[PDB]
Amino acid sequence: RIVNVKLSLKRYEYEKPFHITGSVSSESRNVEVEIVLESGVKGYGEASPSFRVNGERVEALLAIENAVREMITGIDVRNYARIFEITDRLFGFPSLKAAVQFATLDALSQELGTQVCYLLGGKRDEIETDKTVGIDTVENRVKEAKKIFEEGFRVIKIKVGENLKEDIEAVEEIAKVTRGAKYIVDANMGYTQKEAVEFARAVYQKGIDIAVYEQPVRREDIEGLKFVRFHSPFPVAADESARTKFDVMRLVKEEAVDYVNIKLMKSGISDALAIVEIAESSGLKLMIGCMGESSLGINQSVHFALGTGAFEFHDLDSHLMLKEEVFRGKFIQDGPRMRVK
């Protein structure tokens, strides 16, 4: 049984300001969650809130600690589905819902003498993550891409969305100096339907291939996502448009996207498991991403990816661009690779 639930503010500074369409941050403010069982076992999770995507504010998450304690204290973690149903009511605090649910499995796995990934199926022993190139001058972008490549990463994520002409130029220049790497382009809702299509065609015409083209249009523009999917050569993904399992069922029914970028910070463990199943029962493919998690937080996604083995691509690099005193994940980080202990 759970006897205590602790929420605490943890700040992590980025080695350099991270710039994406309509957003710039140089710090990551998360909420660490610790669940304590009567047996003494302690499970840990981390919420990396997003005002832009989930409408959350870190001050608001911290303010509801007492409410969270009242919601699940006294419940046995072996009845984790009950804890999941209850925490699903925190749909307005997605990142916290995610942290609490993972900390629950973390505690439960310890009690069963195993790990979260195995509890989830233990499908894979290793996964590889890409690394992101934020928005900057074409020169700086090429410089960072070149450095990431030298670091061993074979999948480079490129942010775009604020300047179509320069975005195209940037992607073309990056491709030159990183031959052999796969590319994921993320526009974070910055383009109109037509611009998005133009972007993809321009790049395509230069012989460049994009493995995944992330959320090119606004979140409510489901038809726009479909339009881009049906009128451009690269696989299109929903990110901001895919937060819950209901959003995904709708995206599938509408045949709007080739991919859904799952993020525990958007869906929590409960909806993420539903999305995995929905994708495996349809033509949908998945990738897993992150917000601003530290190593403790990314640990949640690593165990989820390793356990379900449901992703074609993994974008779990937020902890790689953060100055963090010490590693706190329950996994092994070896360059672009992440493995089970």
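Numbering starts at 1 and follows the sequence shown.
| task | Read off the CA B-factors in the entry, average them over 22-30 and over 276-284, and name the higher stretch. | result | Stretch with the higher mean C-alpha B-factor: 22-30.
Between 263-271 and 131-139 (mean CA B-factor, as deposited), the higher: If you average the C-alpha B-factors of 263-271 and of 131-139, the larger mean comes out for 131-139.
- Out of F227, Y118, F84, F149, highest CA B-factor residue: That would be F149.
field: Residue with maximal Cα B-factor (values as given in the PDB entry) among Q101, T178, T73, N79
entry: Checking the PDB record, the top C-alpha B-factor among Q101, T178, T73, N79 is at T178.
| field | Third of the chain, ranked by Cα B-factor, where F234 sits | value | CA B-factor rank for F234: middle third.
Relative to the other modelled residues in the chain, which third contains the C-alpha temperature factor of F199: lowest, middle or highest? It falls in the top third of the chain.
Would you mind ranking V340 by its C-alpha B-factor against the rest of the chain and naming the third, lowest, middle or highest?
Highest third of the chain for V340's C-alpha B-factor.
According to the PDB entry, is the CA B factor of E162 in the bottom, middle or top third of its chain, that is, lowest, middle or highest?
Ranked within chain, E162 CA B lands in the highest tercile.
**Third of chain Cα B-factors occupied by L105** = According to the entry, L105 has a C-alpha B-factor in the chain's lowest third.
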